[PDB]
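First up is the structure itself, then whatever we jot down about it.
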Number of protein chains: 4
Amino acid sequence: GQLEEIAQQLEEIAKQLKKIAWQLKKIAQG
Amino acid sequence: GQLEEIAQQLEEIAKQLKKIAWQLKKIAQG
Amino acid sequence: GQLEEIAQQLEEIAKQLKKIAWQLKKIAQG
Amino acid sequence: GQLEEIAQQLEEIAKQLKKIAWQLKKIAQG
Ligand code: NA
Ligand code: NA
């Protein structure tokens, strides 16, 4: 239970970081 | 350029976090 | 502005990751 | 052992994210 929940939180953070990366690419590219 | 480099590093960190999440799930499940 | 907002979100994610690290250390040590 | 090592990896990632945040702030500010 608790490790699975922490793992899920890490997966959500990874998704958030991928969103930020996309946003930075769009700023760079226009 | 710098934003492209940073975006790449964020994608790489996201991948690392997913690998850590996987290891946590492995520890939990056996 | 957008880079300031993103920087803030990265700092917030960093804080979250440290909180998760702390929880893992707590689980390990009891 | 293994949870402590994972926690340390998360702390290093948090430090890396703080570096990126600083870099973005410096880009924004000049
Ligand atoms: Na750039
Ligand atoms: Na900006």
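So you know, we letter chains A, B, ... as the sequences are listed, proteins then strands, and number each from 1. Heavy-atom basis, side chains included; hydrogens, waters and symmetry copies ignored.
Between atom CD of residue A:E11 and atom CG of residue B:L24 there is a gap of 10.0 Å, rounded to the nearest 0.5 Å. From C:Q2, atom CD reaches atom CD1 of A:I20 across 12.0 Å, with rounding to the nearest 0.5 Å. Note that the CG atom of D:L17 and the CD1 atom of B:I13 stand 4.5 Å from one another [nearest 0.5 Å]. Taken to the nearest 0.5 Å, the CD1 atom of A:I27 stands 5.0 Å off from the CG atom of C:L3. Note: C:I6 CD1 to A:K19 NZ = 9.5 Å, rounded to the nearest 0.5 Å.
By the 6.0 Å and 45° rule, A:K18 does not stack over the aromatic ring of A:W22.
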Assess whether side chain to side chain contact (heavy atoms under 4.5 Å, CB included) is satisfied between A:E4 and B:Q29, documenting all intermediate values.
CA-CA 9 Å; A:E4 202 85 348; B:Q29 173 163 328; 5.8 Å; no
